[PDB]
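Enquirer: Begin with these chain(s), straight out of the complex:
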Amino acid sequence: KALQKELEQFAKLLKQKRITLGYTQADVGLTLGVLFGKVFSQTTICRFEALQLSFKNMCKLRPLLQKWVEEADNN
Amino acid sequence: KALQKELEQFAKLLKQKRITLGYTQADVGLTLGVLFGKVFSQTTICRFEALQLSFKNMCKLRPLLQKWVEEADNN
Amino acid sequence: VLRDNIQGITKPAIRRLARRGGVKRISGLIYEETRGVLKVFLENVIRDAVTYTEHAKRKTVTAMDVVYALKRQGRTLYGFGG
Amino acid sequence: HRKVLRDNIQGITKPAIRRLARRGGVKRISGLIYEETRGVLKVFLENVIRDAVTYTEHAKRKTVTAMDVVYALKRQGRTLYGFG
Amino acid sequence: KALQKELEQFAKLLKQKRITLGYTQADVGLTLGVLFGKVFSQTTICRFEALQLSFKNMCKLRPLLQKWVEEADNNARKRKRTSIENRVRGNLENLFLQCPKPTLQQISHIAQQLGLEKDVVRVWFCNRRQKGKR
Amino acid sequence: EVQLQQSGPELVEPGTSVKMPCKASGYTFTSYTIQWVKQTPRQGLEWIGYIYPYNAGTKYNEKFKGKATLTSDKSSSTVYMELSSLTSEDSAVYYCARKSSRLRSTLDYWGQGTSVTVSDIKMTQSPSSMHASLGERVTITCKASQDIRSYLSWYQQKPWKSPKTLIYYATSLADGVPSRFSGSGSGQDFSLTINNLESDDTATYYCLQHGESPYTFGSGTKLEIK
Amino acid sequence: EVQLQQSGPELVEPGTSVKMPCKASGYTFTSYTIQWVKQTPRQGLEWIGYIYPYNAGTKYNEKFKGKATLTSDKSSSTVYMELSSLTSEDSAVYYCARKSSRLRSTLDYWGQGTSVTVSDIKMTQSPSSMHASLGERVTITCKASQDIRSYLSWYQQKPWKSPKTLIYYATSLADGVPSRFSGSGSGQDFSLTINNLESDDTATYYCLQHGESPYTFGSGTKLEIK
Amino acid sequence: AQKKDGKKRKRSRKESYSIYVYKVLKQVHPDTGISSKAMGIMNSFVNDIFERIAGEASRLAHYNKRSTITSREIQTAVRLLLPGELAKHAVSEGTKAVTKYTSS
Amino acid sequence: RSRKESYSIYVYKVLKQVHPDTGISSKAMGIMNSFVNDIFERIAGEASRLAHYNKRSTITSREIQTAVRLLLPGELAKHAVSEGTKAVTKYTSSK
Amino acid sequence: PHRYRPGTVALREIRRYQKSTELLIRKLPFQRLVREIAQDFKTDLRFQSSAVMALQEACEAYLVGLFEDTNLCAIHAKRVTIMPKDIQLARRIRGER
Amino acid sequence: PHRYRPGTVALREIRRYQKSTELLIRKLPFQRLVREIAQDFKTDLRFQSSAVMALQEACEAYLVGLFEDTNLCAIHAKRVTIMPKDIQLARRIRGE
Amino acid sequence: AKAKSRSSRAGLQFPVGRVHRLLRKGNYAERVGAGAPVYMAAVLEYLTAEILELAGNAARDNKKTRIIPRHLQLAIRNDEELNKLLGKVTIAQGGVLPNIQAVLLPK
Amino acid sequence: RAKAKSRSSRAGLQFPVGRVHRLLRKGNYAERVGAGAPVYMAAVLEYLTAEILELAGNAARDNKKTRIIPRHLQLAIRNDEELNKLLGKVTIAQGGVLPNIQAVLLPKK
């Protein structure tokens, strides 16, 4: 109950920022591997934005995309 | 090294004879089916004149056009 | 022996059947096609009825045979027995 | 529990209906064909599945078998070969 | 109207006593001949036990079973009916619209052909004329 | 009942084309295929091809590929044969016959045939010609180059007349044929037997096989009485 | 599952015309007639008419002929009722209900009803007002003028709510109704019995006959518990 | 294992449903006649519906490997063959008739 | 456990008789089984109806022949009747 | 002289032949056609009158249903005149062709 | 670049899909649709895999036949584009 | 010895005994339980009563006091459930439903 | 006893005459079976199976295949008018459809 609204809001903000800045999801997955050394497929980003993965795996993948989001707004 | 000069000269002779009599590649392919019972499309004729086909294919289609040339020189 | 009996299904009978079916205008070539269709349908039903009659070792085609044939073509008819 | 199924007729996509029309020989398809095709498919599926579920319920079973679907199709004049 | 209710109640308890005793209605019809010399059939006992015969017939059949009840509490056969055969029935029904009144002269001739009494033929033709009248 | 009306005689110069009709009547036109046979004194009877009016699918003999074209017109129940580039070696009688789509069925009803005058499996018939009087027994053989599982038919042809079917499936009697004729054998050896002879038995007897893709006729046996 | 969606309250002036829809979903739209009734405090419920969308066959009450017109749209699965020349006595709640084409079936599902405000057989319910405890036995009667052969239904209506079917065919329990309610009677004498009264048994109970062409409702009985 | 005069030989003299159809018509319409052609149509209808329901019940019993056709098979056949409201009211009538029959 | 019977071995024998080198897949065998069951049910139902129409309690070869004539198309029914008559004659002449 | 325009006589005939229920083909020609068709299957055949009546009723019902389908096909092609192609399409969709 | 004219690729797809025999609708969406439709009759129903496969085969066969009839109706009206009225006419003539 | 035949026991007008005999002699199953004929007869009586009442209403809305095949055809074809149940059935002398296409009408 | 050779060998058939007779007896078709009915019936079924298998094998050989699949059976059935009429209301699983494009749909010259 508490967590699900948080990851849903984070996914909405991530998708809105991605659409605004114009990067594609494959580019997001490739830049994740470039910056943090763990490349992830475009299917993973689709499931992340679409909330398909389990809560544990979504929580594990959250800080990587958070770092990508905070990095992307300035570089 | 030895063949390709011969097929280049043969293709030049075929193109010169086709231009001289005014025949078309489609007409050549249509007439070849009449003479020898095996019609070939204009794509094969133009590729043979342009030397794009393989050496085996050019060797296979050489005697057909060789017979067509001597047939066309009189009729 | 009878011959040339499909012409007894006249043109005005075909127009009456079309009028009962809701048709407003009828082409001139409709009558021959309708006669052919009716002949094919009658041939199939009468062949089935004659097969039913011959299985019973009778020489008279009964209403039961026609009803059974129409049922086995999926065209079940009420009011004639069975 | 097993969640609940809602909508689900949009899963029969436009390309799937286009491929089904292509197998039937259709060259050009209007834009309104897809909704009508979905409605027709849903009606046919409901008619078959109602008879199949009736056959399953009469047998006191909870699982719809292929034989029940075969009898339901055969009773609608749509006999199917290869699942008996 | 009270006599009808009395007859219905009485027929009710003779049916109850007969079911209690196990005797059939045909048993009652057979024992009526022993009691009075008046044998009755299964149909007559059924008609009386259903209470739909004539009032005169009801009163006529009443005292016989009043005595029969007392007979069953502690303690000449008629009649032969002519069941006509189907072939004989067709031979008789051939003359519906040809000879409405065959009379004695035709009756005696036809009776010897079918091997039946002339009185039976006369009664049959009279009943046929009565049925045609209605 | 069932009949096939063909055209009359044709005179044709070389290099041209001729169309012959095969107007069928008395049966469901789409449920039977139309076969075409060419008969010459030089090579006897030869199978040309067939057309199925139900789906318009045709199949031609390999030697007749391109020489002839078959077309169907379901409105008139007609089958047309087109021969282009009429060679001098094309004068012959062209018959059109009806054949069921069943593999066991054979060419049962033949047309009168149209004469045209221009200005595998081998079938071996042992007796090319035989002599018999009115009341002997007649036996003919139809040895097969390959194996055909009983897909053999027998035909009797009077002079200047269309062929008539006698035995189909190598044992079965045709429609309207008396029980005196009898076929026998299977595999590669087939026999046709006439029990007692008759003056109407004077004709030429051929045997056709339809177990393979190109249908082949027999050499031909000539029978005359007295 | 089965729903009959309607519109909101209409405010109108005299001499105007009002059109209200009865958009239905959850069933085969062409298999059930849509009936329209009107409810006023003066004379209770009244049967306006019905329309069968299968053949677009309508039938109106005699006193509502001309004033009301029914139409159907099969594409959207909707029914429209139009009232023309709205006088003073038209401000009422208009209900549309579903009813099968079977003679035994009754109005099983009702719409929410639209409140429109403008700026023969008689049914007799004996108890107009009634009182009961929380566990008592209660009964209402709906003696009819003419003879109806068990074509009687019992409805319950909460205040400001659409009526709910309780009994159809004078003895049968409606779908979802508990076995506490019991219908009985036939001919001209009928009765609805309630076993024990809960808090939800506070409502107005009506009886409707659909044996003859003009369907007539009963006067109604108000039952509030304790 | 004994015949005892063989009473099984019964002759069906063109038996039909006309009397029972007339009784049902008098029940539903006390003052209304029916022509002979309409009664023949109704007889054909009753025979057709009997054949349909009996065949469906027989197939239902055969599918489940049962040798008996009970009221459950008839109810399932009625649900299969008849449309919705028709099947519901027919099931109600059949259940009420069976309950009344097995109560006395 | 249990045991289900089908026409698979007979269809395979007929296939090896008509095509000695051609095989058949399992789905095609299921299609053939369904076809054989459907044709059996159709012919048996027609024969049962024919017996019931004539007030007979026995289904004979005549009933099966008439059902085959009713159910199958023309040349198909004629060849099926010929094959059935040949089988019945050989069966009667056997033993 | 007053002359009825086309489309009014047709509508009158449609209403008139849809209100009635009697047979539309004459009985004697249909009986002759039935006997002529049946003689090709068996010789010296006989028919009860009810059998010929049942055949006529079935044929008339089939023709009326086919004409309704043909009218639907003709209206689909933006026409009011039924043509043989409409009958052919209606029979093809029904499975008869 | 290169572009095919309209109708060429449609004819190619008509040739390609009339040559193959596999199912054209994805298995998972059809299974979900079948489960949702069956949930309106029973409450907790389980389906055999062969049951869903047979239902899918019957559905695609019915849709292909209806599309052939619709194409015939469209060609009858002097068109090459199938519309909903063609499907309605085909289902009416069929008896649905 | 008793009375009260099966039709009276089930409260039915149709013959339960004849339906039982038809089921037993129809080659439908090896055995027939004694609820099947009652259920069947009740269903047949319900269908007969439904169509008879609809045909009677159709006759009553014609100023006719007798049911003919036309009234039965009108009753069957005007109900979609009855029409679907008898969609492949032809009623002799029943005619057709009066229906003209809207395009055919003039204006 | 003595050998007891099967009834199918007696009739010269491949299909099981005994199993057909047992299915006829237990199918609830008639009170009795006439003992030549199963033979006729088995012969008809074997003939139909052999005809369909021959057509399917020819279709498979035309496609350079040595194994019959449901597509070959569908091609054999749909390419025969009598067989298609016999199986008109039958759907073959995984059989596909017959390649048929309308003439109007093709491009014009």
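Expert: All right, it came through fine. Numbering: from 1, shown residues only, chains lettered A, B, ... in the order given.

Enquirer: only C-alpha atoms for contact and neighbour calcs from this point on.
Expert: OK.

Enquirer: so how far is residue I:64 from the nearest residue to residue J:45 once chain neighbours are set aside?
Expert: Of all residues not flanking residue J:45 in the chain, residue C:59 sits nearest, at 5.6 Å (Cα to Cα, 6 or more residues apart in numbering or on different chains). Applying Cα to Cα, to the nearest Å, the value for residue C:59 to residue I:64 is 21 Å.

Enquirer: So what does whichever residue of chain F sits closest to chain L have for phi and psi?
Expert: Scanning chain F for the residue nearest chain L gives residue F:28, at 26.7 Å (criterion: Cα to the nearest Cα). For residue F:28, the backbone dihedrals are phi -60, psi 110 (criterion: degrees, to the nearest 10).

Enquirer: What's the local residue count around it?
Expert: Neighbours of residue F:28 under the rule other Cα atoms under 10 Å in any protein chain shown: 12.

Enquirer: Show me the longest helix that occurs in chain L.
Expert: If you go by DSSP state H, chain L has its longest helix at helix L:36-60.

Enquirer: quick one: whichever residue of chain F sits closest to chain C from chain J, how far?
Expert: Here chain F gets closest to chain C at one residue, residue F:28, 9.9 Å apart by Cα to the nearest Cα. Distance, residue F:28 to chain J, by Cα to the nearest Cα, to the nearest Å: 12 Å.

Enquirer: DNA strand N follows; place it on the structure:
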DNA sequence: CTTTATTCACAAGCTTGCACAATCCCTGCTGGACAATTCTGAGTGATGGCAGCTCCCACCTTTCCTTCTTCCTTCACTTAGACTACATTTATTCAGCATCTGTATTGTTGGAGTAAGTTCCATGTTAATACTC
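Expert: Let me add DNA strand N to what's already shown:
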């Protein structure tokens, strides 16, 4: 505007390499065949009669044929947009593996329910009878 040589995308054929499914083999087990007996169903006939043929006639309603009128169908031409085709992005599907458990299948009563048989009984028709003329 007419054709006629590149260019392109696509399917189709040739040639290995397996792997999944078809072919074949082994073991029970159960269903079909031998065989004598018992039990009916249905083929021969004989028959009485109903209904299907044939023929005849009189009436008039229907059908056929010709002429002229109407308006419906069919081409011809335009064009607005609604389909198709394709590149790019986004999303769901597909396949293998794992766990879990509600469900289907088999097993042994064994009691309720049904088949078969005999007799008893209710109803339509009518042979026989009492009363009168």
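
Enquirer: quick recheck of the neighbour count of residue F:28 now DNA strand N is there?
Expert: So residue F:28, with other Cα under 10 Å, has 12 neighbours.

Enquirer: what do you get for residue H:102?
Expert: Residue H:102 has 12 nearby residues by other Cα under 10 Å.

Enquirer: Tell me the spacing between the residue nearest the centre of chain A and DNA strand N.
Expert: Nearest residue to the geometric centre of chain A (Cα atoms, centre = their mean): residue A:65, 4.1 Å. Distance, residue A:65 to DNA strand N, using Cα to the nearest atom of the strand, to the nearest Å: 15 Å.

Enquirer: Against which helices or strands is the host helix or strand of that residue packed?
Expert: Under the criterion of DSSP states H and E, residue A:65 resides in helix A:55-72. The helices and strands touching helix A:55-72, judged by 3 or more Cα pairs under 8 Å, 6 or more residues apart in numbering or on different chains; DSSP states H and E, are helix A:2-21, helix A:25-36.

Enquirer: For chain H, which segments count as helices?
Expert: With DSSP H as the criterion, chain H has helices spanning H:18-28, H:36-63, H:71-81, H:84-101.

Enquirer: Which secondary structure state is assigned to the residue of chain J found nearest chain L?
Expert: The nearest approach of chain J to chain L comes at residue J:21, 4.3 Å away (Cα to the nearest Cα). At residue J:21 the chain is in coil, as set by DSSP: H, G, I helix; E, B strand; the rest coil.

Enquirer: onto the same structure, DNA strand O please:
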DNA sequence: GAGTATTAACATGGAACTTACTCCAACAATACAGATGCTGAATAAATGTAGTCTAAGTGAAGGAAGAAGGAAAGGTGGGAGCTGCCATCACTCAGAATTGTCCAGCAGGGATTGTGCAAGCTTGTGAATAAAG
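Expert: Adding DNA strand O to what we have so far:
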């Protein structure tokens, strides 16, 4: 003796007991397969433009369908005769079912294998664009 009604006996099919059997609920136990969940390739669906070509609207010509009127024909209904076959009834005998044995044909499961799909490479062609006449 005719005619009237009144009553009572018969033909017929259905129902009430009565017993023998058989069959299908009814728990018990146990595979097992259908469902749910993951995870990563694989394939597909959704979007957005460009652009063609198709459906639809207008309009005019002509010819085809229909209305009307008169002449003719043959369908309809009734009345006869004539007999062919059709439905009923009765008999017996030849075929079909029963029942106890057993054996060998077939189904399930496990090894063997080989047909065809898949991947690639080469190719010939139809569609569609650029050139040339």
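
Enquirer: chain center to the helix holding residue A:65, what's the gap?
Expert: 5 Å (Cα atoms, centre = their mean, to the nearest Å).

Enquirer: is the longest helix of chain L up against DNA strand N anywhere?
Expert: No. Using Cα under 7 Å from any atom of the strand, helix L:36-60 stays clear of DNA strand N, with a minimum separation of 7.7 Å.

Enquirer: ok and that helix relative to helix H:18-28, angle-wise?
Expert: Orientation check (axes from the mean of the first three to the mean of the last three Cα atoms, to 10 degrees): helix L:36-60 against helix H:18-28 gives 60 degrees.

Enquirer: Give me the helices and strands touching helix L:36-60, please.
Expert: Going by 3+ Cα pairs under 8 Å, 6+ apart, helix L:36-60 lies up against helix H:18-28, helix H:36-63, helix H:71-81, helix H:84-101, helix L:16-25, strand L:66-67, helix L:69-77.

Enquirer: That one and DNA strand O, any residue contact?
Expert: No. Judged by Cα under 7 Å from any atom of the strand, helix L:36-60 makes no contact with DNA strand O; its nearest approach is 10.5 Å.
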